[PDB]
Amino acid sequence: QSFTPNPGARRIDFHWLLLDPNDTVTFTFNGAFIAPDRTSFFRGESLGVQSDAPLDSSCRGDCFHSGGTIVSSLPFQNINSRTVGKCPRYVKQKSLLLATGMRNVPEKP
Amino acid sequence: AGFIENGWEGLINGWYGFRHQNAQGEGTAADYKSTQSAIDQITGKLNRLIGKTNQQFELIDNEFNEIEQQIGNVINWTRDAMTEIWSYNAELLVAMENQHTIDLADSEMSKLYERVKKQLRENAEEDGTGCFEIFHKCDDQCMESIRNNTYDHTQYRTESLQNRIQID
Amino acid sequence: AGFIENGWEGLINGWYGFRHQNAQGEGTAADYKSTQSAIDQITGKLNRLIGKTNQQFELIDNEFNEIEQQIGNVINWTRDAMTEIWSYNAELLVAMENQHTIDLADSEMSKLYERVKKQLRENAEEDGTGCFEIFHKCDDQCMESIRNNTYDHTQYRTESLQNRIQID
Amino acid sequence: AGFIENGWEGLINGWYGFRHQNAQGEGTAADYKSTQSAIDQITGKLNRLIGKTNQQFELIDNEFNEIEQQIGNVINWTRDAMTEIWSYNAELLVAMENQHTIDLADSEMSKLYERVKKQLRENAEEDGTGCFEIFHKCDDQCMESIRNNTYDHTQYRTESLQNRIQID
Amino acid sequence: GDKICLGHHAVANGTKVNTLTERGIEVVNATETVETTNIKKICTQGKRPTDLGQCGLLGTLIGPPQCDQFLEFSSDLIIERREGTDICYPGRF
Ligand SMILES: *[C@@H]1O[C@H](CO)[C@@H](O)[C@H](O)[C@H]1NC(C)=O
Ligand SMILES: *[C@@H]1O[C@H](CO)[C@@H](O)[C@H](O)[C@H]1NC(C)=O
Ligand SMILES: *[C@@H]1O[C@H](CO)[C@@H](O)[C@H](O)[C@H]1NC(C)=O
Ligand SMILES: *[C@@H]1O[C@H](CO)[C@@H](O)[C@H](O)[C@H]1NC(C)=O
Ligand SMILES: *[C@@H]1O[C@H](CO)[C@@H](O)[C@H](O)[C@H]1NC(C)=O
């Protein structure tokens, strides 16, 4: 890819590349090039959550969302349509009651 | 002098406890194995649902910033449409599980009617409300016999013949 | 001399009308309550479907103009895929409702076979085609008895014994 | 001296072959029509599934090149989400077909229990494991009678009365 | 004289469910499959998160002054916040 700066507004445009092992990244500079001093390597599958909630050192859970966390043993949630990590599905049905027994044939005749 | 019918009773002794209307004034519950059979299947329903929903998710939308609105409209539309698809699937699946749970409850009770009928053959008259009218001196021992599956018309029919037989 | 069988009859008097083959030449229909029970559930099937489809929609595509083709291809693909998903859901759901409707019809008729069997006990021989052979003088009054649930082997069995009994 | 029970037998002679435990040492299979009825429905299950999946597809993604990543992320997300939707639909549909196949197998066998019961009326005692205890000299001819639907208590009951009757 | 009556564990008025036949059928015993409990704090029982605060995620590759301490890190969880930014001097990726 080739690039050229366009004068008329102060801005730094960052561009990125994932360089394969044993390959060589070649750069050609004619100016307006902000060079990296260091590169980056990835280590161990993080979960990038975007949220306003405070941290808690006793709380444990997999589901994170902008308003907090979802800790449950249930397949569905009504809390947020945007979740991170392994989670229950978002539905518009605020109350999906699943019977765990027989119907209530009324106690009084 | 209650007209004993389906043992609604406000029963606390098991989900499928059956009332034994002993003339001596008893109300003992059924063999736990019937209830246990229901428990063995129903309690696992939650886990079956979990395995169908517990998936890895990642952020597509940058909530604290802005994405090109034309794409964002496609994503919002897509997510909303998928939400309705999954909501439909969820309602349908839950409804299926609820209907199946009811069907199971009716099926298990049906099996219990069969247990009485196949063992007594003639002296078990079904009232359609869960009740069998028994034509012999069916005291607590017969309840034990039912629960222990020693209930058998080979002897019990004769005991009822003393109370029911008509020869003509 | 028809071989009276399942009362197909080109019947107009209710969905679940039953033919009473009175030797005197009658063809009166069944208690409307059986038909009504079917009506009470089947007529509501449409409304159950409506509640699952009646949703607010807005235009995404500007039909009289043009949207970037790359996005338009995604939208068309998405809509088409969703159309197949909803078409699948629609066919499946309708098929489920159709199968359930058939199952309901068979279940209700099954209950009506039971109504006859439980009340007559011995003189109701099922032909497997909806017909019961009755072993007593079952004139219009017995049809009224069935519809009024006064049909009872306590008296009717004896009436049949006059026509059926064998002592040995 | 085997305790002949449900004819698991490692049977090769048809899916729904029934063991006839002739005291003379026979193990002949059932009327093929029962098996054929299962075949007529089950073999078509694959075709029913095919009609719901066989659709025209085109390339959206240029696999050997690159598409704008933002759109590609939407497409990959959409396809993956749809894959889960279709995988869910596939698992559910297959599970429904499997449950229905099992229900069909139980239903057909249930009909075969009924065939024996309705024809013999009193001398067919069900063991709950597919076995009927027969109270008469039921040699190969009775098996032919069952398969030819000439099995009839009108004559067979009398044959059993010679072996079973109690007068009191 | 004696009866066997199959009970349905019919407790005092309970809750209702939606089925394939009717909606709002009252049942003795049920559980909700949709939880609405929103825990307003972030769980950290694992490799504790990089709480970027004023730092944005991309900032960790660039090094705004608020990101200087987060230039090299490891965790099973990364937290971004509304006040966070990836730049000090205007820019985009
Ligand atoms: C990287 O290049 C070196 C050159 O000496 C080679 O030995 C090594 O195996 C290469 N690694 C891979 C993954 O090819
Ligand atoms: C997408 O939906 C969110 C709410 O879930 C809304 O804030 C956002 O503006 C929507 N995007 C567009 C482009 O309308
Ligand atoms: C999308 O489908 C419509 C017809 O429904 C067609 O007219 C339109 O050109 C399609 N869009 C693209 C980009 O092909
Ligand atoms: C989309 O998925 C394919 C693999 O199916 C992957 O190679 C491609 O890079 C993905 N597209 C993007 C933008 O990540
Ligand atoms: C019904 O289920 C709930 C589920 O949380 C349980 O707490 C309750 O005790 C059950 N009711 C009984 C067993 O009467």
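Note that we place each Cβ from the backbone using ideal geometry, even for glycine, and neighbour counts take in every protein chain shown. Bear in mind these aren't lab numbers, they're just calculated from the coordinates by the rules spelled out.
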Checklist line | Matching residues in region C:107-126 - criterion: being within 17 Å of C:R19 (Cα to Cα) and either in contact with a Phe, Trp or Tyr (Cβ under 6 Å, 6 or more places away or on another chain) or of a type outside the set (G, A, S) (or both) | finding: C:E108, C:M109, C:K111, C:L112, C:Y113, C:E114, C:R115, C:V116, C:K117, C:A124, C:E125, C:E126
Notebook entry, point to check: List, please: which pairs have Cβ atoms under 7 Å, are six or more places apart or on different chains, and start with a residue in region C:70-81 that is more than 10 Å from chain D (Cβ to nearest Cβ) and within 14 Å of B:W77 (Cα to Cα) and end with one that is within 16 Å of ligand 2 (Cβ to nearest atom) and in a helix (DSSP H, G or I)?
Noted result: C:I75/B:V74
Note to self: Within region E:37-46, does at least one residue satisfy the condition of being away from ligand 4 (no atom under 16 Å from the Cβ), without any contact (Cβ under 8 Å) to a residue 12 or more places away in the chain, among the hydroxyl-bearing types (S, T, Y) and buried (at least 20 other Cβ atoms within 10 Å of the Cβ)?
What the structure shows: no
Next item on the list: Just give me the residues in region B:143-166 being in contact (Cβ under 8 Å) with a residue 12 or more places away in the chain, outside any loop (DSSP other than H, G, I, E, B) and charged (D, E, K, R), in sequence order.
Entry: B:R147, B:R157, B:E159, B:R164
Next item on the list: Could you list all residues from region B:107-125 that are surrounded by 15 or more Cβ atoms within 10 Å (Cβ to Cβ) and of a type in the set (S, T, N, Q)?
Entry: B:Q119, B:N123
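Here is a yes/no grid of residues against (1) part of a helix (DSSP H, G or I); (2) of a type in the set (F, W, Y); (3) buried (at least 17 other Cβ atoms within 10 Å of the Cβ); (4) within 16 Å of ligand 5 (Cβ to nearest atom):
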{"site": "B:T28", "(1), (2), (3), (4)": "no, no, no, no"}
{"site": "B:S34", "(1), (2), (3), (4)": "yes, no, yes, yes"}
{"site": "B:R48", "(1), (2), (3), (4)": "yes, no, no, no"}
{"site": "B:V74", "(1), (2), (3), (4)": "yes, no, yes, no"}
{"site": "B:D80", "(1), (2), (3), (4)": "yes, no, no, no"}
{"site": "B:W86", "(1), (2), (3), (4)": "yes, yes, yes, no"}
Notebook entry, point to check: Does E:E72 satisfy the criteria of being within 28 Å of A:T83 (Cα to Cα) and within 11 Å of chain B (Cβ to nearest Cβ)?
Noted result: no
Checklist line | Qualifying positions in region E:1-16 - basic (K, R) and at the interface with chain B (Cβ under 7 Å from one of its Cβ atoms) | finding: E:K3
Check: Does D:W15 satisfy the condition of being of a type in the set (F, W, Y) and within 16 Å of ligand 4 (Cβ to nearest atom)?
Finding: no
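With E:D68, E:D76, E:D51, E:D86 as the choices, which residue is touching a helix residue (DSSP H, G or I) at 6+ places or on another chain (Cβ under 8 Å) and either acidic (D, E) or touching a residue at least 60 places away in the same chain (Cβ under 8 Å) (or both)?
E:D86
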Margin query: Please determine whether any residue of region D:85-108 is touching a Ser or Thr at 6+ places or on another chain (Cβ under 8 Å) and closer than 30 Å to B:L92 by Cα.
Written below: yes
Notebook entry, point to check: Of everything in region C:50-67 that's of a type in the set (D, E, K, R) and surrounded by 10 or more Cβ atoms within 10 Å (Cβ to Cβ), which residue is farthest from the other protein chains (Cβ to nearest Cβ)?
Noted result: C:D61
Item checked: region B:118-142 - residue that is more than 9 Å from chain E (Cβ to nearest Cβ) and touching a residue at least 12 places away in the same chain (Cβ under 8 Å) and, of those, farthest from C:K117 (Cα to Cα) -> B:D140
Notebook entry, point to check: Of the residues E:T50, E:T31, E:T37, E:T19, which is within 10 Å of chain A (Cβ to nearest Cβ) and out of contact with any strand residue (DSSP E or B) (no Cβ under 6 Å at 6 or more places or on another chain)?
Noted result: E:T37
Item checked: Set D:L112, D:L59: member being among the aliphatic types (A, V, I, L, M) and either closer than 30 Å to B:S107 by Cα or away from ligand 4 (no atom under 16 Å from the Cβ) (or both) -> D:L112
